[PDB]
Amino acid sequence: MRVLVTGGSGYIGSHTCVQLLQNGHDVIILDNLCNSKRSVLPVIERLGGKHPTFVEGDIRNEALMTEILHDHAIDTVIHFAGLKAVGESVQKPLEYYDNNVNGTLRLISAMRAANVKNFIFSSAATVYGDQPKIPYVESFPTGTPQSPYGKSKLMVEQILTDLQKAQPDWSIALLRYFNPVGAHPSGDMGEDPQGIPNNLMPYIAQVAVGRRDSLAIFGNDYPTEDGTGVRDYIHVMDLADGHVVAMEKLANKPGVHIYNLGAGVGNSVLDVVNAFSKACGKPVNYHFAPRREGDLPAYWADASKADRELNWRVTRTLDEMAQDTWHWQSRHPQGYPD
């Protein structure tokens, strides 16, 4: 298929592009480079085994999106582009609403204009809001996300749903990601956050690499087995694979196809820390800190639906997530070259 992968040079998108190319699809990457570098492009091609076309540009530029769509006879679009720092979204709400809400709106508007009707959207577990019922199931009604970031995701899901109702021939997949971690097994592609990493894994990796002192564990008094927060970590390669399958199996299948993408099990901060120490050969330094504002104690995905409907399920383990992350971090301590 001919697929436009917005945000394709970023963390999840890069790994997805590799898998797509390996499945022999024709890949057009669209990215504005606000959170990634052109240096990953060659890695993508080398690992994917085929050349993906790259276009530097912004999802907010509807005219350009329209042109790309038509120019490359795209059949389906995989929407990863956007801003995702939670804390920052609280501080700079407008930029989140613009890049995520308007960003998507301009993109799907461009699609309408070019007669493209197959879409995959990067959504998140945050859409569930404060849900006491875990694991989270697609059938659950959504709640109220606590941050501008979370809200922007849910708003897009709603807009996409209304669009589909209005243009019933569209196929739209709402992929709710849990906690993406890991890196390509080669160790030459992985997450390359700039500055202080907001997520657990990359932070741990930086402590392990010798860049940071200690991992601050946000809260140790939660109603969990070990008192630390529990989440559903999912390896980026498994996420990538789920994206190829969703794209191939849902194209031209009208509807709004919602799927949680997670392993279906929970792991605590300590469990993650422990796996990492194991992977890197030395105890990871850490300390307990107060609970992070807005955090839930525990949640994980109910991934039965994707298993059933798409025959997709995770295959990488927590140890692999940790080992792959350390391999990339250690092989490329400065991330992607400038």
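For every residue, the number given is its place in the sequence shown, counted from 1.
- For the pair 185-193 and 150-158, the mean B factor over Cα atoms is greater in 185-193.
- On average the C-alpha atoms of 129-137 have higher B-factors than those of the other stretch, with 129-137 and 239-247 being the two compared.
- Highest C-alpha temperature factor among 106, 117, 176, 211, as the PDB entry reports it: 211.
- Across 112, 165, 84, 92, the greatest Cα temperature factor reported in the deposited entry is at 165.
- For residue 8, the recorded CA temperature factor ranks within the middle third of the chain's modelled residues.
- Per-chain ranking of the deposited C-alpha B factor places residue 59 in the middle third.
- When the modelled residues of the chain are ordered by their C-alpha B factor, residue 276 lands in the middle third.
- Per the deposited record, the Cα B-factor of residue 296 falls in the highest third when ranked against the other modelled residues of its chain.
- Sorting the modelled residues of the chain by their CA temperature factor places residue 227 in the highest third.
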